[PDB]
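Only one chain is given next, in structure tokens, and it is the form deposited in one PDB entry.
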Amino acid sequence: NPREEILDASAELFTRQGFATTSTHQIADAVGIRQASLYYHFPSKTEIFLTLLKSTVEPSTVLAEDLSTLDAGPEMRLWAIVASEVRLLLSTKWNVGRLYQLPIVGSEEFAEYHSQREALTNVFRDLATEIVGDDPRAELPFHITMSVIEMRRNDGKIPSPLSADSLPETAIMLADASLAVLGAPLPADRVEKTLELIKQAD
């Protein structure tokens, strides 16, 4: 409970200001306590950031790794993964997708989180190579997906909560743009297998 208020206050501060510019004092004041009291619940300011980062990088990678196994066309699997990731990043209270873009993540310690983010890019890149071959356009579907980070709000209200029966329009547009840059036709009933394939991957 008090651990949750610290992570929520840190999520807001880190996404808006970054890790280095945010101070433990600022985190404690948002909680309503004083700076030293944070260290009862967490060992270090870094550990708060790692907890938030680990709750964003790893569900994104296991979701894409689960949707690559399922039986569909490469265009269908790529369209589903792009739509699923955007729906992931549009379902959080804060724009936690920003946490990886922070300069501090470029530190040489995040080899654990670098491999998960390179594995996530490998899923995007490999499905695209299956569509258009050894073409530099294969690297575009992943950056088209992450561009939602620059579009969604960060005021504390969830842009599009998750639904079993619906998909956000931003997720559908970015998924259509991903197939478009590869010159691939859009599969029939994109949204209605993705909801089933998302239901498949638990």
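C-alpha atoms forming the largest set that superposes within 1.5 Å between two forms make up the rigid core. The first residue of the sequence shown is number 1, and the count goes up from there.
For the C-alpha atoms alone, is the average B factor greater in 76-84 or in 124-132, going by the entry?
Stretch with the higher mean C-alpha B-factor: 124-132.
On average, which has the higher Cα B-factor in the deposited entry, 96-104 or 110-118?
Taking the mean B-factor of the alpha carbons in each, 110-118 is higher.
Pick out which of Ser160, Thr61, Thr51, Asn154 has the highest C-alpha B-factor in the PDB entry.
Comparing C-alpha B-factors across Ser160, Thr61, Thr51, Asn154, the top value belongs to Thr61.
Tell me, please, which of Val57, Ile172, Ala36, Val148 has the highest C-alpha B factor according to the deposited entry?
Across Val57, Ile172, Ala36, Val148, the entry lists the biggest C-alpha B-factor for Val57.
Among the chain's modelled residues, which third holds the C-alpha B-factor of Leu182?
As the PDB entry reports it, the C-alpha B-factor of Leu182 lands in the middle third of its chain.
Once the chain's modelled residues are ordered by C-alpha B factor and cut into thirds, is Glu196 in the lowest, middle or highest one?
Highest third, going by the recorded CA B-factors of the chain.
In terms of the CA temperature factor given in the entry, to which third of its chain does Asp202 belong: lowest, middle or highest?
It belongs to the highest third of the chain when residues are ordered by C-alpha B-factor.
Taking only the Cα B-factors deposited for this chain, tell me whether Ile144 sits in the lowest, middle or highest third.
Middle third.
Based on the deposited C-alpha B factors for this chain, I'd like to know if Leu167 is in the lowest, middle or highest third.
Middle third of the chain for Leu167's C-alpha B-factor.
Just so it is clear, the following notes concern the form deposited in another entry, a form of the same protein that is not shown.
Of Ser37, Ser160, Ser166, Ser147, which one has a Cα that moves 2 Å or more between this form and the one not shown once the core is lined up?
The one that moves 2 Å or more is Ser37.
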